[PDB]
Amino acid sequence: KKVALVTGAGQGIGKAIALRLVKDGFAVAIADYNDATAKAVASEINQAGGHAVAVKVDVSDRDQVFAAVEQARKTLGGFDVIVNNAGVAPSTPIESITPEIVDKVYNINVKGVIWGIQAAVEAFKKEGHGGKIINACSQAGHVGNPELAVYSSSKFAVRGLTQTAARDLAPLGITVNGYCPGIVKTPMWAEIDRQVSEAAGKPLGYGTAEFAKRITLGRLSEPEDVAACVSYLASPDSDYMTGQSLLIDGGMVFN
C-alpha cells in the first residue's frame, strides 16, 4: 500500500495524522526527534493491525531528513506522501526576540520544511512517479497573531515555500499544500497559554480564553479535527489542488 512519512508524529497533531493516515490505508513512518514517543506511536499502530516504523530524526538537519525519508522508502516499500508537521511555537514578546530564538524556530519550522520538500522530491523520482507534499501551517500563517511574532512569521514563511514549491514542482507531478490549524489541544498550545498567561501575570487558561474568542465554531480543536483535513490532502481527492493552505481552524481566519 501507499507510504507516508509524518514528522513530529510522536504526539499531538502529528500522531493524530499518522493514525488517520493508517486508517486511510497508508503504511506510515513515524518520524520524530523524540525516539521514545516515535516508537510508542509506531507500536500503537502495529498493535492495532497497521504498518508503521519509527524513525529518529531532527528535521532541522538536512542530511538527517534525507536519511529518514530514504529509510522509510526502503523499509515500507515506497514513498507517496510526506507531511512536514514537526514544529515549535514559543510566544515571543517583540522586544525580547533574540537571534537564538529566531534560529531555533526557523531552523525547525522553515528549514525543516525545505529539507522535507527536497527529500520527498528525490524519493518520488526514485520511485518513478509523482507525489504529495503536505506542510503544517497555521491560521497564524495567514494573519499575524499577537504575542507570536516569530512563530507567526515562520508559518507565513512555510506558506510561501508551499506556494513556490507548488509552482516549481508541478512538472514533476508533485502537488504542495498545507493545513492551517487554529487553537489545538496539544502540549504546544498548553505551553503558549502558560507563557502568555504568566507574562500577563494572569492564571493559566488566560491565553486560551483570549484566542478562543476568535474561534467561530466556539470550541478548541482536537488533534483529530486537523488530521481529518490532512486525510483529504493525502487522498487522491486533492489531486487537482495545489499551492493551497487550507484553514481547518474553526473559523478564525476566512479565505
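All residue numbers are counted from 1 along the displayed sequence.
- Per the PDB record, of the two stretches 240-248 and 19-27, 19-27 carries the greater mean B-factor over its C-alpha atoms.
- With 130-138 and 92-100 compared on mean CA B-factor from the PDB entry, the stretch scoring higher is 92-100.
- Highest CA B-factor among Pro146, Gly77, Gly182, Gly112, as stated in the entry: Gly77.
- By the numbers in the PDB entry, the CA B factor is greatest at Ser60 among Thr186, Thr216, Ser60, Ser221.
- In the deposited entry, the Cα temperature factor of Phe124 sits in the top third of values across the chain's modelled residues.
- Sort the modelled residues of the chain by CA B factor and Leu169 lands in the middle third.
- In the PDB entry, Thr162 places in the lowest third of its chain by CA B-factor.
- Sorting the modelled residues of the chain by their CA temperature factor places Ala190 in the middle third.
- In this PDB entry, the Cα temperature factor of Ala72 sits in the top third of its chain's modelled residues, the highest group.
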